[PDB]
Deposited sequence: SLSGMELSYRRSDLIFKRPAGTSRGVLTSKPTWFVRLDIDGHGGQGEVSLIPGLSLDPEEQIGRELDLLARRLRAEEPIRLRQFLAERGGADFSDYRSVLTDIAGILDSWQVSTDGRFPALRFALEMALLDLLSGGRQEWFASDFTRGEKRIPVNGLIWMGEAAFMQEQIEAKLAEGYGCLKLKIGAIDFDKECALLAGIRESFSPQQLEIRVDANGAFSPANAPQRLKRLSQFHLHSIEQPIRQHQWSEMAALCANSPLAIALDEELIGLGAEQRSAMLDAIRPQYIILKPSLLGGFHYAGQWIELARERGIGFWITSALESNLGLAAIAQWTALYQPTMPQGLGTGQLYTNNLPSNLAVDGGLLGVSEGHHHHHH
């Protein structure tokens, strides 16, 4: 009568007691073809309650076995071509199916929503892990990506930077106690100019509405591209003042999580950020991340896409989607051997460009 949803929990173990991150691999099978997706959680950040993912998957499997997949079959047939269909339209149809399957219809299980969206995209195109086909998947185009660096001793930081530049990166992300950090940034700028090296810093809500203004003035003198989420989310009024007075561009990240429908435009209208950073697994998928992009475009707000610790399966899907926007600025993607048990992949980074 129905179809089959199967899954396996296989937490990704962080490379060296061992620690791991909750992750499930999901598969949809119907009429001889299958599609794969990944449920990726970041405890303390992702909205999805870890202890309920399993039951949500079991409840969906039961539902899918009990009903005739009439709407899904029509979707697979109608969008089978795709040459004659935009990905925005495909994602809209998928959202309709996910809604009918009662998947995160209240936005409480974004990672699950994303995993199932991934599975349907893969199912539609053949189960070849070609969520979004393009010059990228054919290896005819690459995506510019930024590298990472970590705050440490002056000479080691000089060493990491030298490493990345030799590796081809032109943009590096650094997570940012403050006085030491500024001095280090000053140190960096004496050896590396902005034209030669672009630096984005990430505060992860570390600053307070009090010390933020002065600190943003202080950091703006190092010619940085932008600072990510200066203060903790849910402080629209304070953030709007920071984005209005800061000579350093501000990019929102955590601020987008949990916002839905009209709440999204309301937040953008109120804060008027210079940039927003899209992390699909935290937002509920490509359909929703795509809507965020259109909201930003409508208001002249910049944006870039980044990974959120997913395995190489999720990373591939996100890179394939990102490639559709033909980005000119560095994106937060790229292989990052962080786990001991990641999935084998054909993704590679060289010259600061991500390709297959």
item: Missing segments of the deposited chain sequence, listed N- to C-terminal; value: 1 to 2, 19 to 25, 186 to 188, 369 to 377
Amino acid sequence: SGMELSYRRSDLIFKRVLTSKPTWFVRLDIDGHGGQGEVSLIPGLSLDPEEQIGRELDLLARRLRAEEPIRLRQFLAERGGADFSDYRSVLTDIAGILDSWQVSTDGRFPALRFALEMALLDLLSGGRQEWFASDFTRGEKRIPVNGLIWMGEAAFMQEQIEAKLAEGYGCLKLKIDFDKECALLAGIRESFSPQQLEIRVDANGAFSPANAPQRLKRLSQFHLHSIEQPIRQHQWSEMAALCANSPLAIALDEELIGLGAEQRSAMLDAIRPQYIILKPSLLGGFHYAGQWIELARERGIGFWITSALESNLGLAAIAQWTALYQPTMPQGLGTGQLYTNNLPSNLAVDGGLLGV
From here on, numbers count along this sequence of modelled residues.
| query | finding |
| --- | --- |
| Average Cα temperature factor in the PDB entry - higher stretch of 265 to 273, 142 to 150 | 142 to 150 |
| Which of 103 to 111 and 80 to 88 has higher mean CA B factor, as the PDB entry lists it | 80 to 88 |
| Selection by C-alpha B-factor (highest) of 254, 135, 228, 190 | 190 |
| Deposited CA B-factor, highest of 249, 163, 120, 282 | 163 |
| Third of the chain's Cα B-factor distribution that residue 260 belongs to, per the entry | middle |
| Where the record places residue 183 (Cα B-factor, split into thirds across the chain) | highest |
| Chain third (lowest, middle, highest) by recorded CA B-factor, residue given as residue 236 | middle |
| Residue 16 CA temperature factor, ranked by third within the chain | highest |
| B-factor third for the C-alpha atom of residue 215 within its chain | highest |
